[PDB]
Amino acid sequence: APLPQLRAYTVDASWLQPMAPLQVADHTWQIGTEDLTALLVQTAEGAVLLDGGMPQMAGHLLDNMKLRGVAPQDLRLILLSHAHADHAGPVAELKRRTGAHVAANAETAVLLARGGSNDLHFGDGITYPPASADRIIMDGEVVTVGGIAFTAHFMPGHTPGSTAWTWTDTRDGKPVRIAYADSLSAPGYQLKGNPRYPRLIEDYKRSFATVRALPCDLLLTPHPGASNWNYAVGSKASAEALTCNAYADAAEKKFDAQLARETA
């Protein structure tokens, strides 16, 4: 009876279903897959990428970036919601082939540094190639690239370094406040009495109140299903999208129910 072989991280097929760049705002484009959000922001001095998806998506992101007339050297910054395999996967490969820098908080940086290994809840089950953060950002810090200001809002919970990113774009000249809120889920997490995360419940609670007060007109999430986005129906993707109030309220209801049945 030998030791078991290593198990690879396998996801649903729609998570790896490539799609053409779908326009969100005047300068905001979704270049990920049908069920994984990878946001591209085109400015006059470069491009900004928020998240990247699975590790095997690095080639697809460069193809859609070239579709938008963005050379690899035009990508200047990589922002992250949280450093998990399904969102920070291709960050290491993207840094090598584009010459871009990565801005993340300290908790996302140390999780990105060990490639997701030794996760607080998943252990070593979701390991991806490690990457190093070049600039450490704080809560409420502003990151400006080409005249577009990105404000970070810490919302710990899913990961200690979970971060919501807000920035104001336009839609035919009229401003639209966009909020990229991280996941508020806790799949299989032990919430009560977790020795690796003692104040996990308190962090989730303040994170729910943080998402509610976000300057938002249009909301996006790393997983489009959490915000009722349908990336496959083209221009009607934001038809039934949720607000920040409905997103945090529905997430808190699933959290309180999970906490109740975890006690019993």
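Definition used throughout: the rigid core is the maximal C-alpha set that superposes within 1.5 Å between two forms. Note that residue numbering follows the sequence shown and begins at 1.
Engineer: How do 188-196 and 171-179 compare in 8 other deposited structures of this protein: which one has C-alphas farther from this form after the rigid core is matched?
Structural biologist: Farther from the shown form on average in 8 other deposited structures of this protein: 171-179.
Engineer: Going by the mean C-alpha B-factor recorded in the entry, which is higher: 32-40 or 64-72?
Structural biologist: The stretch with the larger average C-alpha B-factor is 64-72.
Engineer: Once you work out the mean C-alpha B-factor for both 190-198 and 103-111 from the entry, which is higher?
Structural biologist: Mean C-alpha B-factor is greater for 190-198.
Engineer: From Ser162, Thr144, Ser132, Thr170, can you pick the one with the highest C-alpha B factor in the entry?
Structural biologist: Result of the comparison over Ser162, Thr144, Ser132, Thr170: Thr170.
Engineer: Tell me, lowest, middle or highest third: where does the Cα B factor of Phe208 rank within its chain?
Structural biologist: Lowest third - that is where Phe208 ends up once the chain's C-alpha B-factors are sorted.
Engineer: Check where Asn118 lands among this chain's C-alpha B-factors and tell me if it's the lowest, middle or highest third.
Structural biologist: Answer is middle: the recorded C-alpha B-factor places it there.
Engineer: Should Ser185 be placed in the lowest, middle or highest third of its chain by the C-alpha B factor in the entry?
Structural biologist: Middle third - that is where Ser185 ends up once the chain's C-alpha B-factors are sorted.
Engineer: Would you check the entry's CA temperature factor for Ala239 and let me know if it's in the chain's lowest, middle or highest third?
Structural biologist: It belongs to the highest third of the chain when residues are ordered by C-alpha B-factor.
Engineer: Taking the entry's C-alpha B-factors for this chain, is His153 in the lowest, middle or highest third?
Structural biologist: Tercile = lowest for this residue's CA B-factor.
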